[PDB]
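Printed here is input_28.txt (compact mmCIF, C-alpha atoms and all ligand atoms):
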# COMPACT_ATOMS: atom_id res chain seq x y z
CA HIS P 4 234.09 24.96 2.45
CA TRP P 5 230.55 23.67 1.90
CA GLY P 6 228.59 24.60 -1.19
CA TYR P 7 226.46 23.14 -3.95
CA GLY P 8 229.11 21.80 -6.30
CA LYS P 9 230.27 18.34 -7.13
CA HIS P 10 232.66 17.87 -4.24
CA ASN P 11 231.12 20.05 -1.55
CA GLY P 12 227.37 19.85 -2.15
CA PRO P 13 224.57 18.69 0.13
CA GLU P 14 225.60 15.01 0.21
CA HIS P 15 228.96 16.11 1.69
CA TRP P 16 227.66 18.44 4.40
CA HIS P 17 227.38 15.78 7.12
CA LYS P 18 231.18 15.54 7.32
CA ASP P 19 231.47 19.08 8.68
CA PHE P 20 227.91 19.24 10.10
CA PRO P 21 226.89 15.81 11.44
CA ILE P 22 223.44 17.15 12.33
CA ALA P 23 222.82 16.86 8.57
CA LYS P 24 221.71 13.28 9.34
CA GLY P 25 219.58 14.44 12.26
CA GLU P 26 216.01 13.73 13.28
CA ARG P 27 214.38 17.00 12.12
CA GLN P 28 216.21 18.08 8.97
CA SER P 29 214.78 20.30 6.25
CA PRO P 30 213.57 20.57 3.59
CA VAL P 31 211.09 17.71 3.16
CA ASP P 32 208.63 16.51 0.60
CA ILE P 33 205.15 17.66 1.58
CA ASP P 34 202.84 14.76 0.81
CA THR P 35 199.58 16.68 0.62
CA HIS P 36 197.48 13.65 1.13
CA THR P 37 199.28 12.55 4.30
CA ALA P 38 199.37 16.06 5.79
CA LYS P 39 196.71 16.28 8.49
CA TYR P 40 194.34 19.20 8.71
CA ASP P 41 194.55 20.73 12.20
CA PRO P 42 191.57 22.95 13.16
CA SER P 43 193.37 24.34 16.19
CA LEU P 44 195.90 25.98 13.85
CA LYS P 45 195.29 29.69 13.87
CA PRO P 46 195.58 31.89 10.80
CA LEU P 47 199.04 33.34 10.29
CA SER P 48 199.52 36.96 11.30
CA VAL P 49 201.97 38.75 9.00
CA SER P 50 202.60 42.30 10.22
CA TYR P 51 205.03 43.76 7.67
CA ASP P 52 203.71 47.35 7.49
CA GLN P 53 206.64 48.85 9.44
CA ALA P 54 209.41 46.75 7.88
CA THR P 55 212.82 48.43 7.49
CA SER P 56 215.02 46.78 4.89
CA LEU P 57 218.63 47.88 5.18
CA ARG P 58 220.72 46.18 2.56
CA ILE P 59 221.20 43.23 0.24
CA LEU P 60 224.17 40.90 0.42
CA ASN P 61 225.68 38.12 -1.72
CA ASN P 62 227.03 35.69 0.90
CA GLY P 63 228.31 33.12 -1.59
CA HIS P 64 225.33 30.77 -1.21
CA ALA P 65 222.38 33.09 -1.90
CA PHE P 66 221.54 36.76 -1.51
CA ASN P 67 219.96 38.08 1.69
CA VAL P 68 217.76 41.15 1.98
CA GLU P 69 218.37 42.17 5.58
CA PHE P 70 216.05 44.01 7.90
CA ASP P 71 216.30 46.07 11.05
CA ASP P 72 215.28 43.55 13.71
CA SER P 73 216.06 45.71 16.75
CA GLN P 74 212.35 46.43 17.25
CA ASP P 75 209.04 44.70 16.46
CA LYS P 76 208.76 46.23 12.98
CA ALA P 77 208.06 43.22 10.75
CA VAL P 78 206.74 40.30 12.76
CA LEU P 79 205.14 36.92 12.26
CA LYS P 80 202.69 35.61 14.85
CA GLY P 81 199.81 33.22 15.06
CA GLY P 82 199.70 30.11 12.95
CA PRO P 83 201.50 27.35 14.87
CA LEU P 84 203.69 29.86 16.74
CA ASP P 85 203.72 30.96 20.35
CA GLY P 86 204.84 34.53 20.75
CA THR P 87 206.28 36.97 18.27
CA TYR P 88 208.95 36.31 15.66
CA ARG P 89 210.88 39.20 14.06
CA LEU P 90 211.89 39.27 10.41
CA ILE P 91 215.68 39.38 10.05
CA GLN P 92 216.28 38.51 6.40
CA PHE P 93 214.83 36.87 3.36
CA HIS P 94 216.57 34.98 0.58
CA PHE P 95 215.77 32.54 -2.18
CA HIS P 96 216.90 29.15 -3.46
CA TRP P 97 216.62 28.54 -7.20
CA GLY P 98 217.50 26.25 -10.08
CA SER P 99 219.49 26.26 -13.28
CA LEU P 100 216.20 25.42 -15.06
CA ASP P 101 212.59 26.36 -14.35
CA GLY P 102 211.86 22.70 -13.50
CA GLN P 103 213.87 22.70 -10.27
CA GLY P 104 215.02 25.09 -7.60
CA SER P 105 212.72 24.76 -4.62
CA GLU P 106 213.85 23.02 -1.45
CA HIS P 107 210.50 21.81 -0.22
CA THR P 108 208.53 19.79 -2.72
CA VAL P 109 204.78 19.24 -2.92
CA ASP P 110 203.87 15.65 -3.81
CA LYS P 111 207.42 15.47 -5.26
CA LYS P 112 206.80 18.56 -7.45
CA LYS P 113 209.71 20.99 -7.56
CA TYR P 114 209.11 24.66 -8.10
CA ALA P 115 211.46 27.08 -9.92
CA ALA P 116 212.50 28.73 -6.65
CA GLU P 117 211.59 29.14 -3.02
CA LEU P 118 211.56 32.29 -0.91
CA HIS P 119 212.49 32.02 2.78
CA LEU P 120 211.42 34.84 5.09
CA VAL P 121 213.47 34.22 8.23
CA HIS P 122 212.14 35.24 11.65
CA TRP P 123 213.47 34.73 15.17
CA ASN P 124 211.58 34.30 18.42
CA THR P 125 211.82 37.53 20.42
CA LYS P 127 211.89 35.68 23.73
CA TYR P 128 215.51 34.76 22.92
CA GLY P 129 216.69 38.32 22.45
CA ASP P 130 218.59 37.92 19.19
CA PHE P 131 219.06 35.69 16.20
CA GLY P 132 222.29 34.12 17.46
CA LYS P 133 220.63 32.93 20.61
CA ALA P 134 217.44 31.89 18.86
CA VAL P 135 219.20 29.46 16.52
CA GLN P 136 220.33 27.47 19.57
CA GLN P 137 216.72 26.79 20.54
CA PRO P 138 214.26 24.25 19.19
CA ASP P 139 211.61 26.94 18.75
CA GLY P 140 214.05 29.72 17.89
CA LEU P 141 213.11 30.46 14.27
CA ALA P 142 210.04 30.59 12.09
CA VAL P 143 210.77 30.48 8.38
CA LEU P 144 207.93 31.34 6.03
CA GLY P 145 208.53 29.47 2.77
CA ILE P 146 206.86 30.60 -0.46
CA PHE P 147 207.17 28.77 -3.75
CA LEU P 148 207.91 30.58 -7.01
CA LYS P 149 206.60 29.33 -10.34
CA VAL P 150 207.44 30.88 -13.69
CA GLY P 151 204.59 32.73 -15.39
CA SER P 152 203.51 36.35 -15.04
CA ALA P 153 205.95 38.77 -13.42
CA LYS P 154 205.72 39.64 -9.74
CA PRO P 155 205.99 43.46 -9.69
CA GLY P 156 206.99 43.46 -6.02
CA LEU P 157 210.09 41.42 -6.84
CA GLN P 158 211.47 43.74 -9.50
CA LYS P 159 213.36 46.02 -7.12
CA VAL P 160 215.26 42.96 -5.85
CA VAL P 161 215.97 41.75 -9.40
CA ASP P 162 217.25 45.16 -10.49
CA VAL P 163 219.89 45.50 -7.74
CA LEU P 164 221.45 42.07 -8.33
CA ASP P 165 223.98 43.44 -10.83
CA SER P 166 225.50 45.44 -7.95
CA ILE P 167 226.05 42.29 -5.84
CA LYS P 168 227.12 39.80 -8.51
CA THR P 169 229.89 38.16 -6.48
CA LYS P 170 230.42 36.76 -3.00
CA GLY P 171 230.93 39.41 -0.34
CA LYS P 172 229.28 42.31 -2.17
CA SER P 173 226.54 44.23 -0.39
CA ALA P 174 224.25 47.06 -1.50
CA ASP P 175 222.10 49.62 0.31
CA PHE P 176 218.59 48.34 -0.06
CA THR P 177 216.14 50.50 1.87
CA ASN P 178 212.37 50.83 1.73
CA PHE P 179 211.73 47.38 0.28
CA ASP P 180 208.27 46.16 1.20
CA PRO P 181 208.19 42.35 1.64
CA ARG P 182 204.38 42.42 1.41
CA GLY P 183 204.86 42.60 -2.36
CA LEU P 184 206.20 39.02 -2.32
CA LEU P 185 203.18 37.37 -0.65
CA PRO P 186 200.52 35.35 -2.45
CA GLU P 187 196.81 35.99 -1.97
CA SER P 188 196.22 33.10 0.44
CA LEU P 189 198.06 32.43 3.70
CA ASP P 190 196.99 28.77 3.87
CA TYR P 191 200.03 26.81 4.99
CA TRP P 192 201.62 23.53 5.95
CA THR P 193 203.76 23.43 9.08
CA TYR P 194 206.34 21.03 10.58
CA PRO P 195 209.39 21.17 12.87
CA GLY P 196 212.66 21.28 10.94
CA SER P 197 216.08 22.82 10.48
CA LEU P 198 218.08 25.40 8.62
CA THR P 199 218.55 24.11 5.08
CA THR P 200 222.16 25.34 4.90
CA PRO P 201 225.00 24.75 7.36
CA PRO P 202 225.00 24.83 10.34
CA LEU P 203 221.71 22.92 9.67
CA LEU P 204 220.54 23.67 13.21
CA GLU P 205 217.24 22.08 14.26
CA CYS P 206 215.66 25.34 15.38
CA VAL P 207 212.97 26.08 12.76
CA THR P 208 209.19 25.95 12.80
CA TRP P 209 208.60 25.71 9.05
CA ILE P 210 205.51 27.43 7.65
CA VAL P 211 205.19 26.70 3.93
CA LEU P 212 202.44 28.47 1.99
CA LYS P 213 200.21 26.39 -0.27
CA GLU P 214 199.88 29.11 -2.92
CA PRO P 215 202.97 29.91 -4.99
CA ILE P 216 203.70 33.32 -6.37
CA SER P 217 204.40 33.63 -10.06
CA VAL P 218 207.50 35.43 -11.32
CA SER P 219 208.55 35.97 -14.89
CA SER P 220 211.16 33.99 -16.77
CA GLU P 221 213.20 37.21 -17.03
CA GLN P 222 213.02 37.68 -13.26
CA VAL P 223 214.37 34.21 -12.45
CA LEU P 224 216.96 34.46 -15.25
CA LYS P 225 218.45 37.41 -13.40
CA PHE P 226 218.90 35.28 -10.26
CA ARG P 227 220.92 32.86 -12.39
CA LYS P 228 223.40 35.58 -13.34
CA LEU P 229 224.75 35.84 -9.82
CA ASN P 230 228.03 34.15 -8.89
CA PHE P 231 228.98 31.85 -6.04
CA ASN P 232 232.56 33.06 -6.34
CA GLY P 233 234.16 36.29 -5.22
CA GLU P 234 235.22 39.01 -7.61
CA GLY P 235 238.42 38.09 -9.42
CA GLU P 236 237.85 34.36 -8.91
CA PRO P 237 236.70 31.96 -11.65
CA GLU P 238 233.03 32.50 -12.44
CA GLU P 239 230.61 29.86 -11.19
CA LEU P 240 226.97 30.75 -11.63
CA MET P 241 224.88 30.80 -8.48
CA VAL P 242 222.30 28.22 -9.58
CA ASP P 243 220.90 25.07 -7.96
CA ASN P 244 221.59 26.40 -4.47
CA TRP P 245 218.90 24.12 -3.02
CA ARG P 246 219.18 21.20 -0.63
CA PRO P 247 217.06 18.18 -1.68
CA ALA P 248 214.29 16.76 0.46
CA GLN P 249 215.41 14.96 3.63
CA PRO P 250 213.78 12.05 5.48
CA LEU P 251 210.65 13.04 7.35
CA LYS P 252 211.50 10.53 10.10
CA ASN P 253 209.16 10.86 13.09
CA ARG P 254 207.34 13.99 11.98
CA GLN P 255 203.87 14.91 10.96
CA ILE P 256 203.15 17.76 8.57
CA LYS P 257 200.03 19.69 9.58
CA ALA P 258 197.84 21.73 7.25
CA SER P 259 195.89 24.85 8.14
CA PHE P 260 193.38 24.04 5.43
CA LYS P 261 191.39 21.15 4.00
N1 LIG F 301 217.57 28.39 4.18
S1 LIG F 301 216.91 28.61 5.71
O1 LIG F 301 216.54 27.24 6.44
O2 LIG F 301 215.66 29.60 5.56
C1 LIG F 301 218.10 29.48 6.73
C2 LIG F 301 217.65 30.51 7.53
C3 LIG F 301 218.54 31.20 8.31
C4 LIG F 301 219.86 30.81 8.31
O3 LIG F 301 220.74 31.50 9.15
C5 LIG F 301 220.29 29.77 7.51
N2 LIG F 301 221.68 29.35 7.51
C6 LIG F 301 222.67 30.33 7.20
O4 LIG F 301 222.39 31.45 6.94
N3 LIG F 301 224.04 29.89 7.24
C7 LIG F 301 225.10 30.84 7.02
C8 LIG F 301 225.11 31.79 8.25
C9 LIG F 301 224.73 31.23 9.64
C10 LIG F 301 223.40 31.07 10.02
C11 LIG F 301 223.04 30.56 11.27
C12 LIG F 301 224.07 30.25 12.14
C13 LIG F 301 225.38 30.44 11.72
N4 LIG F 301 225.68 30.92 10.51
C14 LIG F 301 219.41 29.09 6.73
ZN ZN F 302 216.67 29.21 2.76

Rewrite the coordinates I just gave you, this time as C-alpha cells.
Amino acid sequence: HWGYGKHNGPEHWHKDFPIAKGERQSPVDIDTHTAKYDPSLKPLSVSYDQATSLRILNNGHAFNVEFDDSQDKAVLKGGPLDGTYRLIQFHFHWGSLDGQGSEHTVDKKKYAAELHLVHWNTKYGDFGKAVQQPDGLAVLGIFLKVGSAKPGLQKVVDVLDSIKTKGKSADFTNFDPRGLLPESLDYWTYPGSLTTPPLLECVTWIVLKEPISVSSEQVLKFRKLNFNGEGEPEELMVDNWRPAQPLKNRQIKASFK
C-alpha cells in the first residue's frame, strides 16, 4: 500500500496511480516572481461561523478533523471559485524537522507544515461525486512556520494522544477552524490535484501567502503520531508530504501584488 517510506513513497505512487505523472499534479513550487497578479480575482469568502466539527481520525497518512457537510455550515466562496464549496475535513502535512514538511513551496522555501482545508463544490451533491470533476474541490492551503504558539491549534494538539495509531478516531466537536487562519487572505491559485492517492485532478488550489506560526511544542506533538496501527511496529508519522511536481502548462495567479 502507498505511503511515505522508502519503498512506497511518492516516487512509487505512479505504479498504482498513473495520474501521478499527469498534467495538473500538486503540490508545486510557487515562484512568486512568475505568479501573475490577476485583478479580476475576488477576495476569498470564508464563512466558518456555523462549522460543526464531528470527530478526528488517524487514517494512516495524516489526521483528519471532519465536519458535518450535509448543509452549508462552513463554506468557501469567492476568490477564483464559482459557486459554493463546503468544508468536509482539514488535515496537515509535516516534517521530521522544522526545515521541511510543507507540500507547496514558495520560491523553493519549505515550511514546517501545511494545513489543507478541504471543500467540495455543492453543485455535485457530495464529496465522492465532486472528486470526479475538474472543478470538484477547493483546498485552502495554509503554511505553518515554527515560532509563537497558535492558541486555536491547541485543542487539536491535545487530542492527538487519543488517536496515536492508524484507524483510531475521537469525538471532536465544537472545534472552530477560524482559529487556524492568518490575518490576511491574500492567496495564490492554480488548478491541481489531490496530493495523496488517488491523486485526482479535481482541485482548485488556493494557497495563502501568510503563514501561521505554531510553537515547536505544537509541531513536536504531530511527530508523535504513528503511521502504523496499534500493535504493529511503531513508525512515526513524519514527512507525510509529497514534493513539488512539474508545473507543466499552468499559470499560478496571485490575488495581490
Ligand atoms: N492533501 S489534499 O490534496 O488536500 C487531499 C484532499 C482530499 C483528499 O480526499 C485527499 N486524498 C485522500 O484523502 N485519499 C485517501 C481517501 C480518498 C480521497 C479521495 C478519493 C478516494 N479516497 C487529498
Ligand atoms: Zn493534504

- request: Just the residues within 7 Å of residue 170 of chain P, please, counting all atoms listed in the file, with nothing from its chain fewer than 2 positions along; format it as JSON, numbers by chain.
  value: {"P": [61, 62, 63, 172, 230, 231, 232, 233]}

message: Report, in Å to a single decimal, how far apart atom CA of residue 183 of chain P and atom CA of residue 129 of chain P are.
response: 27.8 Å

9 Å contact set for segment 24-26 of chain P, only C-alpha atoms, chain neighbours under 2 positions out, as a ChimeraX atom specification: /P:17,20-22,28,196,205,249-254

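When all atoms listed in the file are used to compute distances to residue 202 of chain P, the closest of the residues P:135, P:31, P:121, P:184 turns out to be P:135.
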
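Put simply, atom CA of residue 35 of chain P is 12.2 Å away from atom CA of residue 212 of chain P.
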